[PDB]
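K.L.:
Okay, so here is query.cif, and as you'll see once you scroll down, it has mmCIF, C-alpha atoms and all ligand atoms.
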```cif
data_target
#
loop_
_atom_site.label_atom_id
_atom_site.label_comp_id
_atom_site.auth_asym_id
_atom_site.auth_seq_id
_atom_site.Cartn_x
_atom_site.Cartn_y
_atom_site.Cartn_z
CA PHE A 62 -2.90 20.74 20.47
CA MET A 63 -1.59 18.77 17.49
CA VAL A 64 1.90 19.30 16.08
CA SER A 65 2.32 19.76 12.33
CA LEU A 66 2.98 16.78 10.08
CA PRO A 67 6.42 16.54 8.42
CA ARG A 68 7.02 16.73 4.67
CA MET A 69 5.60 13.59 3.07
CA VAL A 70 5.66 12.31 -0.51
CA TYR A 71 2.62 10.32 -1.61
CA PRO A 72 0.14 10.04 -4.53
CA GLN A 73 -2.03 13.12 -4.91
CA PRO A 74 -5.67 12.37 -4.12
CA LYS A 75 -7.81 12.68 -7.25
CA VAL A 76 -11.00 14.68 -6.73
CA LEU A 77 -12.61 13.38 -9.93
CA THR A 78 -11.65 9.77 -9.22
CA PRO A 79 -13.58 8.05 -6.40
CA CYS A 80 -11.77 5.72 -3.99
CA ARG A 81 -14.06 2.79 -4.55
CA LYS A 82 -16.95 2.74 -7.01
CA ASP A 83 -18.16 -0.63 -5.79
CA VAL A 84 -18.95 0.33 -2.19
CA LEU A 85 -20.28 3.11 0.03
CA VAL A 86 -17.33 4.81 1.75
CA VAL A 87 -19.18 7.41 3.85
CA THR A 88 -22.40 7.16 5.87
CA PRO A 89 -25.34 9.60 5.61
CA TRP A 90 -24.06 11.30 8.77
CA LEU A 91 -20.63 11.75 7.18
CA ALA A 92 -18.78 9.01 9.04
CA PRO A 93 -16.15 7.22 6.93
CA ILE A 94 -16.75 3.53 6.20
CA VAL A 95 -13.32 1.93 6.29
CA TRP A 96 -12.38 -0.14 3.23
CA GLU A 97 -8.95 -0.90 1.77
CA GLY A 98 -8.10 1.90 -0.67
CA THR A 99 -9.83 4.69 1.25
CA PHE A 100 -6.88 5.50 3.51
CA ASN A 101 -3.17 6.28 3.29
CA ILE A 102 -1.85 4.50 6.37
CA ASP A 103 1.38 6.52 6.34
CA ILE A 104 -0.53 9.75 6.90
CA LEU A 105 -2.72 8.23 9.60
CA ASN A 106 0.24 6.60 11.37
CA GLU A 107 1.96 9.97 11.51
CA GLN A 108 -1.08 11.70 12.95
CA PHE A 109 -1.57 9.15 15.72
CA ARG A 110 2.11 8.68 16.58
CA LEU A 111 2.52 12.43 16.97
CA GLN A 112 -0.07 12.07 19.73
CA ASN A 113 1.68 9.07 21.33
CA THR A 114 -1.64 7.23 21.08
CA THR A 115 -2.15 4.18 23.31
CA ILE A 116 -4.71 1.56 22.27
CA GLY A 117 -6.26 -0.85 24.72
CA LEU A 118 -7.50 -4.16 23.33
CA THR A 119 -9.93 -6.01 25.59
CA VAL A 120 -10.85 -9.65 25.29
CA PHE A 121 -12.78 -12.07 27.48
CA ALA A 122 -11.58 -15.66 27.68
CA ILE A 123 -13.65 -17.84 30.00
CA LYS A 124 -13.72 -21.62 30.32
CA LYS A 125 -12.69 -23.40 27.11
CA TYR A 126 -12.14 -20.06 25.35
CA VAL A 127 -8.74 -19.65 27.01
CA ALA A 128 -7.47 -22.03 24.34
CA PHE A 129 -7.93 -19.30 21.70
CA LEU A 130 -5.64 -16.78 23.42
CA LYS A 131 -2.33 -18.00 21.97
CA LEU A 132 -3.30 -17.57 18.31
CA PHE A 133 -5.22 -14.38 19.06
CA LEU A 134 -2.30 -12.66 20.78
CA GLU A 135 0.36 -13.98 18.40
CA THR A 136 -1.49 -12.71 15.34
CA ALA A 137 -2.37 -9.44 17.06
CA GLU A 138 1.36 -8.95 17.56
CA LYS A 139 1.84 -9.23 13.81
CA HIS A 140 -1.12 -7.16 12.59
CA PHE A 141 -2.69 -5.02 15.33
CA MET A 142 -1.54 -1.42 15.73
CA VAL A 143 2.09 -2.34 15.03
CA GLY A 144 4.30 0.64 15.78
CA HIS A 145 1.88 2.07 18.32
CA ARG A 146 1.52 1.61 22.07
CA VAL A 147 -0.80 -1.30 22.84
CA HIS A 148 -2.13 -2.56 26.16
CA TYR A 149 -3.91 -5.90 26.08
CA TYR A 150 -6.49 -6.58 28.77
CA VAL A 151 -7.34 -10.26 29.13
CA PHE A 152 -10.33 -10.96 31.37
CA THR A 153 -10.36 -14.62 32.36
CA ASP A 154 -11.42 -17.06 35.06
CA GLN A 155 -8.15 -18.96 34.56
CA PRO A 156 -5.24 -16.50 35.05
CA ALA A 157 -2.63 -19.27 35.11
CA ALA A 158 -3.90 -20.58 31.76
CA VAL A 159 -3.04 -17.41 29.83
CA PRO A 160 -0.23 -18.31 27.39
CA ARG A 161 3.19 -16.66 27.62
CA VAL A 162 3.22 -14.68 24.38
CA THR A 163 6.27 -12.65 23.35
CA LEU A 164 5.35 -9.00 22.78
CA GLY A 165 7.00 -6.30 20.71
CA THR A 166 8.39 -3.18 22.36
CA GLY A 167 5.83 -0.71 23.71
CA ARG A 168 3.21 -3.40 24.11
CA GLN A 169 1.98 -4.91 27.36
CA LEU A 170 -0.56 -7.40 28.63
CA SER A 171 -2.57 -7.35 31.84
CA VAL A 172 -4.49 -10.34 33.11
CA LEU A 173 -7.66 -9.50 35.03
CA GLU A 174 -9.37 -12.35 36.85
CA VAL A 175 -13.17 -12.43 36.84
CA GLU A 197 -12.83 0.85 34.96
CA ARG A 198 -11.37 4.20 36.00
CA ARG A 199 -8.10 2.47 35.13
CA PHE A 200 -8.88 2.55 31.40
CA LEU A 201 -9.25 6.34 31.48
CA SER A 202 -5.72 6.70 32.82
CA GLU A 203 -4.02 3.94 30.83
CA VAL A 204 -5.28 4.16 27.25
CA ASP A 205 -6.71 6.66 24.76
CA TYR A 206 -8.88 4.20 22.84
CA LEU A 207 -10.56 0.91 23.71
CA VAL A 208 -11.14 -1.85 21.18
CA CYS A 209 -13.43 -4.68 22.26
CA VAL A 210 -13.29 -8.01 20.40
CA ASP A 211 -14.04 -11.73 20.76
CA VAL A 212 -11.12 -14.08 21.48
CA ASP A 213 -11.99 -16.94 19.12
CA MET A 214 -10.54 -14.97 16.20
CA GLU A 215 -7.21 -14.39 14.49
CA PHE A 216 -5.70 -11.41 12.71
CA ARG A 217 -4.70 -12.14 9.11
CA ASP A 218 -3.89 -8.65 7.88
CA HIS A 219 -3.42 -5.04 8.94
CA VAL A 220 -5.78 -3.62 11.59
CA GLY A 221 -4.42 -0.21 12.49
CA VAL A 222 -5.14 3.38 13.45
CA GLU A 223 -7.49 3.81 10.51
CA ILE A 224 -10.16 2.42 12.85
CA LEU A 225 -9.59 4.89 15.70
CA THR A 226 -12.31 7.49 16.28
CA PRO A 227 -14.63 8.47 19.16
CA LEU A 228 -17.03 5.60 18.44
CA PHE A 229 -17.04 2.83 15.85
CA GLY A 230 -19.06 -0.24 14.95
CA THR A 231 -18.31 -2.98 12.42
CA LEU A 232 -20.59 -4.23 9.64
CA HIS A 233 -21.72 -7.80 10.33
CA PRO A 234 -20.35 -9.99 7.49
CA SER A 235 -23.70 -11.73 6.94
CA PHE A 236 -25.80 -8.56 6.54
CA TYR A 237 -23.76 -5.87 4.80
CA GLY A 238 -25.70 -6.43 1.59
CA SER A 239 -29.07 -7.00 3.24
CA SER A 240 -32.14 -4.75 3.40
CA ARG A 241 -32.97 -3.44 6.88
CA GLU A 242 -36.09 -5.59 7.26
CA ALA A 243 -33.80 -8.64 6.97
CA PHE A 244 -31.61 -7.37 9.82
CA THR A 245 -31.95 -9.57 12.88
CA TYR A 246 -32.63 -6.65 15.24
CA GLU A 247 -34.76 -7.27 18.32
CA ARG A 248 -38.28 -6.90 16.93
CA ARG A 249 -40.27 -7.10 20.17
CA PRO A 250 -41.43 -3.66 21.41
CA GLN A 251 -41.32 -5.09 24.94
CA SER A 252 -37.51 -5.00 24.74
CA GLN A 253 -35.26 -1.97 25.19
CA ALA A 254 -33.33 -3.11 22.11
CA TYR A 255 -36.46 -2.94 19.96
CA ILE A 256 -36.03 -1.56 16.44
CA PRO A 257 -39.01 -1.46 14.03
CA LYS A 258 -38.87 -2.66 10.41
CA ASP A 259 -38.64 0.87 8.99
CA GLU A 260 -35.63 1.90 11.09
CA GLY A 261 -31.95 1.00 11.02
CA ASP A 262 -28.80 1.99 9.16
CA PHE A 263 -26.70 -1.17 9.32
CA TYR A 264 -26.47 -4.38 11.29
CA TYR A 265 -23.32 -4.13 13.41
CA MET A 266 -21.67 -7.25 14.82
CA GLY A 267 -21.08 -7.28 18.56
CA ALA A 268 -17.69 -8.94 18.10
CA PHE A 269 -15.78 -5.77 17.18
CA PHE A 270 -16.52 -2.25 18.42
CA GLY A 271 -14.64 0.52 20.19
CA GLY A 272 -13.75 4.18 20.37
CA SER A 273 -12.42 6.60 22.98
CA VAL A 274 -12.49 5.28 26.53
CA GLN A 275 -15.25 7.76 27.36
CA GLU A 276 -17.50 6.71 24.47
CA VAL A 277 -16.98 2.99 25.03
CA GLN A 278 -17.85 3.29 28.71
CA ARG A 279 -20.93 5.33 27.81
CA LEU A 280 -22.03 2.57 25.44
CA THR A 281 -21.34 -0.29 27.84
CA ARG A 282 -23.11 1.62 30.60
CA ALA A 283 -26.17 2.19 28.40
CA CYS A 284 -26.35 -1.45 27.32
CA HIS A 285 -25.84 -2.75 30.86
CA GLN A 286 -28.79 -0.66 32.05
CA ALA A 287 -30.98 -1.62 29.08
CA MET A 288 -30.31 -5.31 29.69
CA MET A 289 -31.25 -4.92 33.36
CA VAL A 290 -34.56 -3.34 32.38
CA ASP A 291 -35.32 -6.22 30.01
CA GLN A 292 -34.41 -8.75 32.70
CA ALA A 293 -36.81 -7.13 35.18
CA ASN A 294 -39.42 -7.37 32.43
CA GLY A 295 -38.75 -11.05 31.82
CA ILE A 296 -37.40 -10.58 28.31
CA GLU A 297 -34.05 -11.33 26.66
CA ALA A 298 -32.99 -9.69 23.37
CA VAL A 299 -32.83 -12.11 20.44
CA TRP A 300 -29.08 -11.62 20.02
CA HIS A 301 -28.30 -10.41 23.53
CA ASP A 302 -25.49 -7.84 23.74
CA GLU A 303 -25.40 -7.49 19.96
CA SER A 304 -29.07 -6.51 19.92
CA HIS A 305 -28.46 -3.72 22.42
CA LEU A 306 -25.29 -2.62 20.62
CA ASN A 307 -27.36 -2.14 17.48
CA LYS A 308 -30.00 -0.13 19.31
CA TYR A 309 -27.29 2.09 20.81
CA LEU A 310 -25.51 2.74 17.53
CA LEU A 311 -28.83 3.53 15.86
CA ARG A 312 -29.49 6.31 18.40
CA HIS A 313 -25.84 7.39 18.75
CA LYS A 314 -24.31 7.28 15.26
CA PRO A 315 -20.75 5.91 15.14
CA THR A 316 -18.07 8.32 13.92
CA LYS A 317 -16.53 5.55 11.77
CA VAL A 318 -17.94 2.25 10.53
CA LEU A 319 -15.58 -0.63 9.74
CA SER A 320 -16.23 -2.75 6.64
CA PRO A 321 -16.53 -6.55 6.80
CA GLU A 322 -12.79 -6.69 6.05
CA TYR A 323 -12.57 -6.30 9.82
CA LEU A 324 -14.87 -9.18 10.81
CA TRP A 325 -15.01 -12.05 8.35
CA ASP A 326 -15.61 -15.81 8.25
CA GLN A 327 -14.04 -17.20 5.07
CA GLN A 328 -15.15 -20.78 5.66
CA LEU A 329 -18.77 -19.64 5.78
CA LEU A 330 -18.71 -16.70 3.34
CA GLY A 331 -15.77 -17.28 1.01
CA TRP A 332 -13.88 -14.28 -0.37
CA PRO A 333 -15.92 -11.78 -2.45
CA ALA A 334 -14.15 -9.32 -4.77
CA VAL A 335 -15.46 -6.42 -2.70
CA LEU A 336 -13.00 -7.49 0.01
CA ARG A 337 -9.42 -6.66 -0.99
CA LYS A 338 -8.19 -7.83 2.40
CA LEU A 339 -9.41 -10.21 5.12
CA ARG A 340 -8.02 -8.65 8.32
CA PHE A 341 -9.73 -10.22 11.34
CA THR A 342 -11.43 -13.59 10.99
CA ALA A 343 -13.29 -16.32 12.84
CA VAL A 344 -11.32 -19.41 13.85
CA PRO A 345 -12.77 -22.69 12.49
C1 LIG B 401 -28.14 -14.08 6.62
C2 LIG B 401 -28.17 -14.95 7.88
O1 LIG B 401 -29.10 -14.88 8.68
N1 LIG B 401 -27.06 -15.66 8.09
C3 LIG B 401 -26.83 -16.45 9.30
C4 LIG B 401 -26.04 -15.60 10.31
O2 LIG B 401 -26.81 -14.48 10.79
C5 LIG B 401 -25.32 -16.38 11.40
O3 LIG B 401 -24.34 -15.57 12.06
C6 LIG B 401 -24.80 -15.18 13.36
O4 LIG B 401 -25.58 -13.98 13.28
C7 LIG B 401 -26.14 -13.61 14.55
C8 LIG B 401 -27.02 -12.37 14.39
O5 LIG B 401 -28.07 -12.64 13.46
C9 LIG B 401 -25.01 -13.33 15.54
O6 LIG B 401 -24.26 -12.19 15.11
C10 LIG B 401 -24.08 -14.54 15.63
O7 LIG B 401 -22.98 -14.24 16.48
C11 LIG B 401 -23.57 -14.92 14.23
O8 LIG B 401 -22.79 -16.12 14.29
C12 LIG B 401 -21.39 -15.83 14.45
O9 LIG B 401 -20.90 -15.10 13.31
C13 LIG B 401 -21.07 -15.82 12.08
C14 LIG B 401 -20.61 -14.95 10.91
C15 LIG B 401 -20.28 -17.13 12.11
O10 LIG B 401 -18.88 -16.85 12.21
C16 LIG B 401 -20.72 -17.97 13.31
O11 LIG B 401 -19.88 -19.12 13.42
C17 LIG B 401 -20.62 -17.15 14.60
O12 LIG B 401 -21.14 -17.90 15.70
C18 LIG B 401 -24.66 -17.63 10.83
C19 LIG B 401 -24.07 -18.47 11.97
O13 LIG B 401 -25.12 -18.89 12.85
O14 LIG B 401 -25.60 -18.41 10.09
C20 LIG B 401 -26.05 -17.71 8.91
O15 LIG B 401 -26.97 -18.55 8.21
CL CL B 402 -16.40 -4.57 25.98
CL CL B 403 -16.20 -7.42 23.45
HG HG B 404 -9.21 5.99 -2.78
HG HG B 405 -14.27 -3.19 26.08
HG HG B 406 -14.34 -6.90 25.53
HG HG B 407 -27.40 -0.13 24.52
HG HG B 408 -24.44 -5.39 28.22
HG HG B 409 -23.71 -3.20 23.99
#
```
Can the structure from this file be put into structure tokens for me?
P.N.:
Amino acid sequence: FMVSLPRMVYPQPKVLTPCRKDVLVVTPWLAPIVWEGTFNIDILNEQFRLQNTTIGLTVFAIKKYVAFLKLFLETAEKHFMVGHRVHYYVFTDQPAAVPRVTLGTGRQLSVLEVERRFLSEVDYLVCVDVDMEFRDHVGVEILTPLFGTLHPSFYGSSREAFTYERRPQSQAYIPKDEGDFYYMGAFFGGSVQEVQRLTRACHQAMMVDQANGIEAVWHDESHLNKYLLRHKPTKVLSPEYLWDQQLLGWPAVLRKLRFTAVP
């Protein structure tokens, strides 16, 4: 059950005026592709707040990677789901090395040393790499049952150029005539149920490959791509959500650089 939205004053959407004319904003299976200009964040914030939505953000920081946690968490505090309930889950082999970062109200962090718990603690799970920093808004516009993010190096590439696993001996195998997009393994998520289904499927596929003496060209990312090819994501995030400015610059098609690699 969803309560009604309150009176809101905003620009009327124009049916005969497309959002963006420079990019694809909806997939062939009718899943929105999230670009700046396609969403009114005020409307979306209202919808998700009325549901008291809690977002879990998971990150793994092992060995030398624990050094990236401070900037990651500090910038997430400024740009990630601000205004909503957030629960950070930091998986690390060095619990005492996790930096003491000041969090806004309604936000918490749990350190897990290296999950039915996720089902009872959050509504959505967002899985990202730690050697990154948020530079702009990353909010509820990304929430949906299952989402993948367009890899910044292949969004304008033809499918045959995609670096999918091409060996039929692997469970992640995808032939040259198949494939929608090349998703980057560094940023995916969805409802807890859908994320666990995906991780469970990939874990099993990787075990099968191991028993067969084969390892996918791009490991987890290869399996993620195979999974999203067979189970279409309900939203696809544009490269605004996973960029590397040092390597790729700043093309006009990107009005915002929201989550980027750390040089
Ligand atoms: C068009 C082309 O092939 N460009 C190269 C990229 O594919 C490389 O990025 C790497 O891509 C593979 C999958 O093919 C995988 O996703 C790697 O994680 C990814 O490298 C990461 O992401 C990049 C955007 C950079 O931020 C890099 O520092 C990360 O480690 C890149 C980097 O090897 O080279 C292009 O030539
Ligand atoms: Cl994950
Ligand atoms: Cl992850
Ligand atoms: Hg628009
Ligand atoms: Hg996760
Ligand atoms: Hg993760
Ligand atoms: Hg998979
Ligand atoms: Hg896996
Ligand atoms: Hg995966």
K.L.:
Neighbours of segment 97-111 of chain A within 8 Å (all atoms listed in the file; same-chain residues fewer than 5 positions away dropped), as a tab-separated table (two decimals) with C-alpha atoms, keeping the file's coordinate frame?
P.N.:
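Result file follows (selection-v1.tsv):
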```tsv
chain	number	residue	atom	x	y	z
A	63	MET	CA	-1.59	18.77	17.49
A	64	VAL	CA	1.90	19.30	16.08
A	66	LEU	CA	2.98	16.78	10.08
A	80	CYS	CA	-11.77	5.72	-3.99
A	81	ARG	CA	-14.06	2.79	-4.55
A	86	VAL	CA	-17.33	4.81	1.75
A	145	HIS	CA	1.88	2.07	18.32
A	222	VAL	CA	-5.14	3.38	13.45
A	223	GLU	CA	-7.49	3.81	10.51
A	336	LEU	CA	-13.00	-7.49	0.01
A	337	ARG	CA	-9.42	-6.66	-0.99
A	338	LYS	CA	-8.19	-7.83	2.40
```
K.L.:
Tell me which of A:329, A:212, A:220, A:137 sits closest to residue 153 of chain A, counting all atoms listed in the file.
P.N.:
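Looking at the shortest contact to residue 153 of chain A, the residue is A:212.
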K.L.:
Residues up to 7 Å from ligand CL 402 (chain B), counting only C-alpha atoms and all ligand atoms: could you list those as a list in words?
P.N.:
residues 119, 209 and 281 of chain A
K.L.:
Which residues of chain A come within 10 Å of ligand HG 406 (chain B), and what is each one's closest atom pair and distance in Å (one decimal), counting all atoms listed in the file, sorted by chain and residue number, as a tab-separated table?
P.N.:
```
residue	atom	partner	partner_atom	distance
A:118	CA	B:HG406	HG	7.7
A:119	CA	B:HG406	HG	4.5
A:120	CA	B:HG406	HG	4.4
A:121	CA	B:HG406	HG	5.7
A:122	CA	B:HG406	HG	9.4
A:150	CA	B:HG406	HG	8.5
A:151	CA	B:HG406	HG	8.6
A:152	CA	B:HG406	HG	8.2
A:207	CA	B:HG406	HG	8.9
A:208	CA	B:HG406	HG	7.4
A:209	CA	B:HG406	HG	4.1
A:210	CA	B:HG406	HG	5.4
A:211	CA	B:HG406	HG	6.8
A:212	CA	B:HG406	HG	8.9
A:267	CA	B:HG406	HG	9.7
A:268	CA	B:HG406	HG	8.4
A:269	CA	B:HG406	HG	8.5
A:270	CA	B:HG406	HG	8.8
A:271	CA	B:HG406	HG	9.1
A:281	CA	B:HG406	HG	9.9
```
K.L.:
Under the rule that all atoms listed in the file are counted, which of A:135, A:297, A:247, A:303 is the nearest residue to residue 217 of chain A?
P.N.:
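Counting all atoms listed in the file, the residue closest to residue 217 of chain A is A:135.
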